[PDB]
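Enquirer: Output the structure for:
(chains A, B, C, D and E)
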Amino acid sequence: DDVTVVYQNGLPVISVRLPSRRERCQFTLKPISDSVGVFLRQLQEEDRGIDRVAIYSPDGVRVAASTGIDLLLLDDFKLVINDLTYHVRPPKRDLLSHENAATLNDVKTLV
Amino acid sequence: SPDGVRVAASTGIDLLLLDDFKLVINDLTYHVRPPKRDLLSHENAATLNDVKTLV
Amino acid sequence: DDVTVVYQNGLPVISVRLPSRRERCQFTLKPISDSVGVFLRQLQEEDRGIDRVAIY
Amino acid sequence: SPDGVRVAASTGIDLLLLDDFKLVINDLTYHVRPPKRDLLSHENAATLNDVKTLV
Amino acid sequence: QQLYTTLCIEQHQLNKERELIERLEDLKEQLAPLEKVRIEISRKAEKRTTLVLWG
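Expert: Numbers count the residues shown, from 1 in each chain, chains lettered A, B, ... in the order given. Let me share the structure:
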């Protein structure tokens, strides 16, 4: 069907339809210590019919498997499972403005 | 889950024991309601209070 | 979709639909040298989401 | 390195991104040019006056 | 150093927190076989002490 992301107890919960067994499985993820690769190999070891799985940015490029997941869950992404690109749209957060985030980024790269 | 979707076999039990759940054995579905806790790890997603205490 | 068994070059070709990609796949069987369990082993080797197979 | 010598695998990334380099992947050499800050106005009391003004 | 420390101290003290919780729940399971042996030595040693106190 579709891939939904909801926040429960401050943690992201992704509910994915799996190809082989065709039941909606659910993966709850720690937003700091987990990675993209941890979620991908939990998907890949879940139902075993997935031979290729990948996560792409919405402008075409793919994110690496060492990218943290709190960097992933800010924008939309595409989850490619085995043939099919599901488009995932996470809930937007309470954030910094685009002028304060550049200032904090410049401080973090200037120290 | 309480909603009826399957829980993956790789989620930790501390993430499972936050809320209540169901355990389906081969004919009967034992609803499990664990006692509510306060906190074990003070870990969650980012907050505006975190960046306001960082500056 | 059905399961079709036809004959090509004197060998049976059975075309069954695999679950994890939902595309058909044709298996060439040898009527003397092969058995049932080697056909089911090939059927589980072609797709790993075929954990439960039986033939009645 | 842009002079042509190799960079050993224990060199930190923060020492690598202070200059250009070349990245060889199979046989194609991509000339990576990182966005670097100045080193003329990088007197440390001026860089600290930039951190003070920004904070 | 003091400017870098405050940039990298709250994500450090969450990794140390979960490593402390994991080491605590490993040390408890490593101690728990020795505890039932320890209680049964401190039960004879207290009965031999109440024999002195009553005698």
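
Enquirer: which parts of chain E sit against chain B?
Expert: Residues of chain E lying close to chain B by C-beta under 8 Å from any C-beta of the partner chain are E:6, E:7, E:10, E:14, E:17, E:18, E:21. For every residue, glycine as well, the C-beta is placed using N, CA and C.

Enquirer: With secondary structure, neighbour count and distance to chain A as added columns, please give those in JSON lines.
Expert: Shown next, in JSON lines, are those (DSSP: H, G, I helix; E, B strand; the rest coil; neighbours: other C-beta atoms under 10 Å in any protein chain shown; distance: C-beta to the nearest C-beta, whole Å):
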{"residue": "E:6", "secondary structure": "helix", "neighbour count": "12", "distance to chain A": "9"}
{"residue": "E:7", "secondary structure": "helix", "neighbour count": "13", "distance to chain A": "6"}
{"residue": "E:10", "secondary structure": "coil", "neighbour count": "11", "distance to chain A": "10"}
{"residue": "E:14", "secondary structure": "helix", "neighbour count": "14", "distance to chain A": "7"}
{"residue": "E:17", "secondary structure": "helix", "neighbour count": "14", "distance to chain A": "11"}
{"residue": "E:18", "secondary structure": "helix", "neighbour count": "15", "distance to chain A": "7"}
{"residue": "E:21", "secondary structure": "helix", "neighbour count": "13", "distance to chain A": "13"}
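
Enquirer: For the residue in chain A that chain E sits nearest to, which residues are in contact?
Expert: Residue nearest to chain E within chain A: residue A:111 (4.9 Å; C-beta to the nearest C-beta). Residues near residue A:111 by C-beta atoms under 8 Å, 6 or more residues apart in numbering or on different chains: D:51, E:3, E:4, E:7.

Enquirer: The second one belongs to a helix, doesn't it?
Expert: Yes - residue state for residue E:3 (DSSP: H, G, I helix; E, B strand; the rest coil) corresponds to a helix.

Enquirer: Tell me who's in contact with it.
Expert: A:111, D:51.

Enquirer: From residue B:45, how far out is it?
Expert: 25 Å (C-beta to C-beta, to the nearest Å).

Enquirer: Check the first one too.
Expert: Counting by C-beta to C-beta, the gap from residue D:51 to residue B:45 is 27 Å.

Enquirer: just the third one next, same as before
Expert: Taking C-beta to C-beta as the measure, residue E:4 falls 24 Å from residue B:45.

Enquirer: and the longest strand seen in chain A, which strands flank it?
Expert: Longest strand in chain A by number of residues (criterion: DSSP state E): strand A:11-17. Sheet pairing here is set by DSSP bridges, and for strand A:11-17 it gives strand A:4-8 (antiparallel), strand A:24-28 (antiparallel).

Enquirer: Residues contacting it, please?
Expert: A:1-7, A:23-31, A:39, A:43, A:69, A:73, A:79, A:81, A:86, A:88, A:90, B:5, B:15, B:44-45.

Enquirer: Excluding residues flanking it in the chain, which one is nearest the residue of chain E found nearest chain B?
Expert: Going by C-beta to the nearest C-beta, chain B is nearest to residue E:14 of chain E, at 5.4 Å. Leaving out its chain neighbours, the residue that sits closest to residue E:14 by C-beta to C-beta, 6 or more residues apart in numbering or on different chains is residue B:43, at 5.4 Å.

Enquirer: and that neighbour, how far is that from residue E:48?
Expert: 50 Å.

Enquirer: sorry, back to before: quick one: residues contacting the residue of chain E closest to chain B.
Expert: Going by C-beta under 8 Å, 6+ apart, the list of residues near residue E:14 reads A:32, B:41, B:42, B:43.

Enquirer: Quick check: residue E:8 vs residue B:16, distance?
Expert: Look at residue E:8 and residue B:16: by C-beta to C-beta, they are 31 Å apart.

Enquirer: scratch that, residue E:36
Expert: Applying C-beta to C-beta, the value for residue E:36 to residue B:16 is 29 Å.

Enquirer: Doesn't residue A:105 belong to a strand?
Expert: No - counting by three-state DSSP, residue A:105 falls outside a strand, being helix.

Enquirer: Near it, how many other residues are there?
Expert: 11 (other C-beta atoms under 10 Å in any protein chain shown).

Enquirer: try residue A:38
Expert: Neighbours of residue A:38 (other C-beta under 10 Å): 17.

Enquirer: With the one 4 residues further on instead?
Expert: Neighbour count of residue A:42, defined by other C-beta under 10 Å: 19.

Enquirer: Same check on residue A:30?
Expert: Burial measure for residue A:30: 19 neighbouring residues, criterion other C-beta under 10 Å.
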